[PDB]
Every structure is written in C-alpha cells, then in structure tokens.
>>> print(open('my_file.cif').read())   # mmCIF, C-alpha atoms
data_model
#
loop_
_atom_site.label_atom_id
_atom_site.label_comp_id
_atom_site.auth_asym_id
_atom_site.auth_seq_id
_atom_site.Cartn_x
_atom_site.Cartn_y
_atom_site.Cartn_z
CA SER O 199 54.57 19.15 14.75
CA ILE O 200 52.33 17.25 17.15
CA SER O 201 53.47 14.05 15.43
CA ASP O 202 57.01 14.72 16.67
CA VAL O 203 55.81 15.15 20.26
CA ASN O 204 53.70 11.99 20.11
CA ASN O 205 56.54 9.98 18.58
CA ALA O 206 59.02 11.21 21.20
CA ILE O 207 56.63 10.26 24.00
CA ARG O 208 56.16 6.84 22.37
CA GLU O 209 59.87 6.10 21.98
CA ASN O 210 61.18 7.44 25.30
CA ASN O 211 58.46 5.52 27.18
CA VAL O 212 58.98 2.12 25.59
CA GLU O 213 58.06 -0.68 28.03
CA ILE O 214 61.06 -2.94 27.39
CA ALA O 215 60.16 -6.63 27.42
CA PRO O 216 61.16 -8.96 30.29
CA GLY O 217 63.53 -11.86 29.71
CA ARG O 218 65.63 -14.51 31.42
CA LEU O 219 69.27 -15.54 31.64
CA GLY O 220 70.40 -19.06 30.84
CA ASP O 221 67.18 -20.12 29.14
CA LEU O 222 66.83 -23.30 27.10
CA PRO O 223 68.61 -24.16 24.90
CA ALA O 224 71.56 -23.78 27.28
CA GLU O 225 75.30 -24.37 27.24
CA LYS O 226 76.83 -27.45 28.82
CA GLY O 227 77.78 -26.63 32.39
CA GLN O 228 75.29 -23.83 33.08
CA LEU O 229 74.29 -23.92 36.76
CA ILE O 230 72.50 -20.58 37.29
CA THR O 231 69.40 -19.12 35.63
CA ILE O 232 68.12 -15.69 36.66
CA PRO O 233 65.22 -13.55 35.37
CA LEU O 234 66.28 -10.09 34.21
CA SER O 235 64.32 -6.94 33.38
CA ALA O 236 65.19 -3.46 32.13
CA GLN O 237 63.33 -0.29 33.09
CA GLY O 238 62.75 1.96 30.10
CA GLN O 239 59.75 3.98 31.23
CA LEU O 240 59.82 7.58 32.42
CA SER O 241 59.26 7.72 36.18
CA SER O 242 57.96 11.17 37.17
CA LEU O 243 57.40 14.71 35.94
CA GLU O 244 61.07 15.67 35.65
CA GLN O 245 61.91 13.10 32.97
CA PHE O 246 58.84 14.01 30.92
CA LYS O 247 59.74 17.71 31.03
CA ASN E 248 71.16 -17.51 1.44
CA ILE E 249 68.88 -14.62 2.49
CA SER E 250 70.34 -11.38 1.16
CA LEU E 251 71.05 -8.57 3.63
CA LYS E 252 72.52 -5.17 2.84
CA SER E 253 75.59 -4.44 4.97
CA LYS E 254 76.26 -0.80 5.85
CA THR E 255 80.03 -0.85 6.33
CA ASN E 256 81.20 -2.84 3.28
CA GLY E 257 78.43 -1.57 0.96
CA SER E 258 77.87 -5.02 -0.58
CA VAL E 259 75.21 -7.66 0.00
CA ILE E 260 75.92 -10.40 2.55
CA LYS E 261 74.09 -13.60 3.45
CA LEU E 262 72.13 -14.61 6.54
CA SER E 263 74.65 -17.38 7.23
CA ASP E 264 77.22 -14.64 7.89
CA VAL E 265 75.33 -13.18 10.86
CA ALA E 266 73.46 -16.27 12.09
CA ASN E 267 73.22 -20.06 11.99
CA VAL E 268 69.95 -21.40 10.56
CA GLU E 269 68.71 -24.75 11.85
CA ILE E 270 65.53 -26.79 12.23
CA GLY E 271 64.52 -27.48 15.81
CA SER E 272 61.75 -27.50 18.36
CA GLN E 273 59.51 -24.44 18.47
CA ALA E 274 59.87 -24.48 22.27
CA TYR E 275 62.45 -26.24 24.44
CA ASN E 276 60.50 -26.08 27.71
CA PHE E 277 59.82 -29.76 28.43
CA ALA E 278 61.66 -33.07 28.10
CA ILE E 279 60.92 -36.74 28.73
CA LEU E 280 62.90 -39.72 30.04
CA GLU E 281 61.04 -43.08 29.57
CA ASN E 282 63.52 -45.35 31.40
CA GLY E 283 66.52 -43.05 31.39
CA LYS E 284 66.37 -43.02 27.58
CA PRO E 285 65.26 -39.75 25.92
CA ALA E 286 61.86 -39.98 24.24
CA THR E 287 58.63 -38.02 23.73
CA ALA E 288 55.28 -38.41 25.45
CA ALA E 289 51.85 -36.82 25.76
CA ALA E 290 49.50 -37.00 28.74
CA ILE E 291 45.85 -37.96 28.24
CA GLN E 292 43.27 -36.47 30.61
CA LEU E 293 39.56 -37.24 30.79
CA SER E 294 36.66 -34.81 30.88
CA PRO E 295 34.95 -34.56 34.30
CA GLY E 296 32.32 -37.28 34.31
#
>>> encode(input="my_file.cif", output="structure tokens")
Amino acid sequence: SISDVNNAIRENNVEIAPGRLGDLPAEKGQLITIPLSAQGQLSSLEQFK
Amino acid sequence: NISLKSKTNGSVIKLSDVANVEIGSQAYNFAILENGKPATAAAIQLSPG
C-alpha cells in the first residue's frame, strides 16, 4: 500500500544527527576532540530506484 | 529501579543494569576558576543606554 512506500522513503532517507567525539563530560587524559557526522540520505536516482 | 523487559532472558531487569543514574549539570559546557579554585559565576550586562 502507499503507506508502505511512504514509510520506506521515510526510513531509508533518515537525516542522521550530527555529533562530536570527546565531548564533556570527558575522561581524564583526553587530548583530542573531533566532530563526526554520518550520511544516511539517498544521494541520486539509483538509490531511490 | 525502572523496570525494563529483556528479550534474551525473558525476565524483567532494572535500569541500573544497563545504565548508571546520577544527578548532575544539565549542560557541561562552561566552567569557572575564581582564583584557581573552582566556583560558579554569572555575568551581568546592561541594556544599551
């Protein structure tokens, strides 16, 4: 049903949330903090098909 | 003591099993040092004019 198609398009194109490594509170002795992101969106036609 | 249903064992477990619950700052962004001694402070600004 159309609900299935809409739900699949919702879930596969998800917009994962950005985050950071080594954020406060932090362990003793942490010297490096780096932002990290994950791509979860469909890019072009091929993935959608 | 929050109850949580565990899939593998089939019996109820407690939140303490899968997490440590504490009371702490809502955000850990900022910190203060008054004379090298930890403390807390707030900055007062004045309206223009």
>>> closest_atom_pairs(input="my_file.cif", of="chain O", to="chain E", cutoff="12 Å", atoms="all atoms listed in the file", output="tab-separated table")
residue	atom	partner	partner_atom	distance
O:221	CA	E:275	CA	9.1
O:222	CA	E:275	CA	5.9
O:223	CA	E:275	CA	6.5
O:224	CA	E:275	CA	9.9
>>> residues_around(input="my_file.cif", residues="residue 242 (chain O)", least_positions_apart="4", cutoff="12 Å", atoms="all atoms listed in the file", output="PyMOL selection string")
chain O and resi 211+246-247
>>> resolve_selection(input="my_file.cif", expression="the PyMOL selection byres ((chain O and resi 227-235) around 9)", output="list in words")
residues 214, 215, 216, 217, 218, 219, 220, 221, 224, 225, 226, 236 and 237 of chain O
>>> atom_distance(input="my_file.cif", atom1="CA of residue 238 (chain O)", atom2="CA of residue 204 (chain O)")
16.8 Å
>>> residues_around(input="my_file.cif", residues="residue 265 (chain E)", least_positions_apart="3", cutoff="12 Å", atoms="all atoms listed in the file", output="list in words")
residues 248, 249, 250, 251, 252, 253, 260, 261, 262 and 268 of chain E
>>> decode(input="my_file.cif", residues="chain O", atoms="C-alpha atoms", output="tab-separated table (two decimals), in the first residue's frame")
chain	number	residue	atom	x	y	z
O	199	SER	CA	0.00	0.00	0.00
O	200	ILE	CA	1.04	3.62	-0.43
O	201	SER	CA	1.73	3.70	3.31
O	202	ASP	CA	4.49	1.13	2.78
O	203	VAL	CA	6.12	3.23	0.06
O	204	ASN	CA	5.93	6.40	2.15
O	205	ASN	CA	7.34	4.63	5.22
O	206	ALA	CA	10.21	3.13	3.21
O	207	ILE	CA	11.08	6.54	1.78
O	208	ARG	CA	10.95	7.99	5.30
O	209	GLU	CA	13.20	5.37	6.88
O	210	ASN	CA	15.81	4.99	4.13
O	211	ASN	CA	16.20	8.78	3.93
O	212	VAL	CA	16.70	9.48	7.61
O	213	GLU	CA	18.91	12.56	8.14
O	214	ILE	CA	21.13	11.16	10.89
O	215	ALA	CA	22.01	13.73	13.54
O	216	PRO	CA	25.50	15.27	13.84
O	217	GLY	CA	27.62	14.70	16.93
O	218	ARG	CA	31.10	15.10	18.39
O	219	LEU	CA	33.84	12.90	19.81
O	220	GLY	CA	35.30	13.51	23.25
O	221	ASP	CA	32.56	15.86	24.42
O	222	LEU	CA	32.11	16.94	28.03
O	223	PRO	CA	31.98	15.15	30.38
O	224	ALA	CA	35.29	13.62	29.28
O	225	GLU	CA	37.75	11.03	30.53
O	226	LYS	CA	40.95	12.04	32.29
O	227	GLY	CA	43.72	12.29	29.72
O	228	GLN	CA	41.64	13.05	26.62
O	229	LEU	CA	43.64	15.30	24.28
O	230	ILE	CA	41.66	15.19	21.00
O	231	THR	CA	38.06	16.18	20.22
O	232	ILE	CA	36.72	15.82	16.69
O	233	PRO	CA	33.25	16.46	15.20
O	234	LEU	CA	31.77	13.44	13.43
O	235	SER	CA	28.81	13.02	11.09
O	236	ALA	CA	27.15	10.10	9.32
O	237	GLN	CA	25.50	10.30	5.90
O	238	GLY	CA	22.20	8.43	5.83
O	239	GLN	CA	20.41	10.16	2.96
O	240	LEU	CA	19.92	8.74	-0.52
O	241	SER	CA	22.16	10.57	-2.99
O	242	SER	CA	20.76	10.20	-6.52
O	243	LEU	CA	18.22	8.35	-8.65
O	244	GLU	CA	19.88	4.94	-8.45
O	245	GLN	CA	19.49	4.55	-4.69
O	246	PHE	CA	15.84	5.64	-4.80
O	247	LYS	CA	15.07	3.12	-7.55
